[PDB]
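Overview (structure and organization)
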Amino acid sequence: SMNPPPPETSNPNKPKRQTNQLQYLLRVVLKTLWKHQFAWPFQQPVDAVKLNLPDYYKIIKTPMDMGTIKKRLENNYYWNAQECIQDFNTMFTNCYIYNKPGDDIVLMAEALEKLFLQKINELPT
Ligand SMILES: Cc1nnc2ccc(N(C)Cc3ccc(F)c(F)c3)nn12
C-alpha cells in the first residue's frame, strides 16, 4: 500500500505567474469549496496506508487534491487559471475513476464539482 511522493507544489525550472483569475481561484474558489461539508476527503493527498486503499495508486497515476492545489496557488506555481482548473478536474475525475456510481464519496465529488463550476462560470477579467 505504498504511498508515492505527493505532487510537487513548486518546481524551480517551471515559470511562475500571477493573474486576477489565479488570485480569485485561491481567495474565492478554493477557500469557499474548502469549507463545504463534503470537502474533507479532498483536503490532502490520498494516504493509501491510513485509508487502507492499497490499490489506489495502482489505478490513479495523476493524483490531485485541494491541499496540493492550495499550496500551488500560494507558490504562484501555475501559469494561468486553466492550469489550476485542470487540477480541480483531475481531482474530481480521479474520484469517479477509483470508485463507482452512487458511492458516498462520488456523491461528495459530484456536489463539489457542481459548486466549482458555478464559481468558475464567471471569472475576473
Ligand atoms: C475512496 C476514496 N477515493 N478517493 C478518496 C479520497 C479520500 C478518501 N477518504 C478520506 C476515505 C473516505 C471513504 C469513503 C467516503 F465516503 C469518504 F467520504 C471518505 N477516500 N477516497
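Residues numbered from 1 in each chain as written, not as in the entry; some residues may be left out. Heavy atoms only, no water.

For this coordinate set, the PDB header names X-ray crystallography as the determination method and states a resolution of 1.668 Å.

**What about the nonpolar core?**
Condition: Here, the term nonpolar core denotes a set of buried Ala, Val, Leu, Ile, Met, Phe, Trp, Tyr and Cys residues that are joined through side-chain atoms within 4.5 Å. Accessibility here uses a 1.4 Å probe with only protein chains present; expressed as a share of the type maximum, an area under 20% marks a residue as buried, one over 50% as exposed, and anything in between as partly exposed. Comment: elements are numbered from the N terminus, with helices defined as DSSP H or I runs of at least four residues and strands as E runs of at least two.
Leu25, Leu73 and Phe88 are the most contacted members of the largest nonpolar core, which totals 29 residues. Listing elements by their share of this core, those giving two or more residues are α1 (20-33), α4 (66-75), α5 (81-98) and α6 (104-120). Among the elements that line this core, the one with the most residues is α1, at eight residues. If you look at the next biggest cluster of nonpolar residues, it comprises five residues, including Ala48, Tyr56, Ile60 and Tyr98.

**A few points about the site of the ligand**
Using the following cut-off: In this text, near means that some heavy atom of the residue lies within 4 Å of the molecule or strand in question. Pairing of N or O atoms within 3.5 Å defines a polar contact, subject to two protein rules: one partner must be a possible hydrogen donor and the other a possible acceptor, and residues neighboring in sequence count only if both atoms are side-chain atoms. Where accessible areas are quoted, they stem from the Shrake-Rupley method and a 1.4 Å probe; at the residue level, only the protein chains shown are allowed to cover.
Around the ligand sit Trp40, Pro41, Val46, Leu51, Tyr56, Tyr98, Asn99, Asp104, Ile105 and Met108, and those are all the residues in its vicinity. Interatomic distance of 3.1 Å between a side-chain N/O atom of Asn99 and a nitrogen atom of the ligand. When the free accessible area of the ligand is taken as 450 Å², the share hidden by the protein chains comes to 77%.

**Structural notes on unusual backbone geometry**
Its identity is not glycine, yet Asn52 carries a phi of approximately 60 degrees, on the positive side. Mapping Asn52 onto the fold places it in the loop between α2 (48-51) and α3 (56-59). Using a relative accessible area of 60% as the deciding quantity, one classes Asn52 as exposed. Despite not being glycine, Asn76 has its phi angle at roughly 60 degrees, a positive value. With respect to the element layout, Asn76 can be found in the loop between α4 and α5. When its relative accessible area of 26% is taken as the criterion, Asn76 is described as partly exposed.

**Considerations on α1**
Note the cut-off: To estimate how far a helix should reach, multiply one less than its number of residues by 1.5 Å. Bend at a residue means the angle formed by two fitted axes: the first through the 7 residues ending at that position, the second through the 7 residues beginning there.
Taking 1.5 Å per residue, 14 residues should reach 20 Å; α1 reaches 18 Å between its end C-alpha atoms and fits that length. A bend of about 30 degrees at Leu26 is the largest found in α1. What α1 keeps buried is the set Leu22, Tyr24, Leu25, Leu26, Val28, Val29, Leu30 and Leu33.

**Topic: the packing of α4 against α5**
When two helices pack together, their arrangement is captured by the angle between the axes and the distance separating the axes. What counts here: Here an axis means a line fitted to C-alpha atoms, over the contact stretch when the element is a helix, while the angle between two N-to-C directions is reported on a 0 to 180 degree scale. Roughly parallel means an angle under 35 degrees; roughly antiparallel means over 145; roughly perpendicular covers 65 to 115; every other angle is labelled oblique. When checking whether two residues touch, look at their non-hydrogen atoms; a contact exists if any pair is within 4.5 Å. Side-chain classes follow a simple rule in which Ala, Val, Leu, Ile, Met, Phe, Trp, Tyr, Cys and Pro form the nonpolar group, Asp, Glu, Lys and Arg form the charged group, and the remainder, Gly included, forms the polar group.
Interaxial distance between α4 and α5 falls to 10 Å at its minimum, and their mutual angle equals 170 degrees. Comparing the axis directions of α4 and α5 gives the class roughly antiparallel. Together, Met66, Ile69, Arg72 and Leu73 of α4 and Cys84, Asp87, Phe88 and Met91 of α5 make up the contact between the two elements. For the contact of α4 with α5, the residue count by class is six nonpolar, no polar and two charged.

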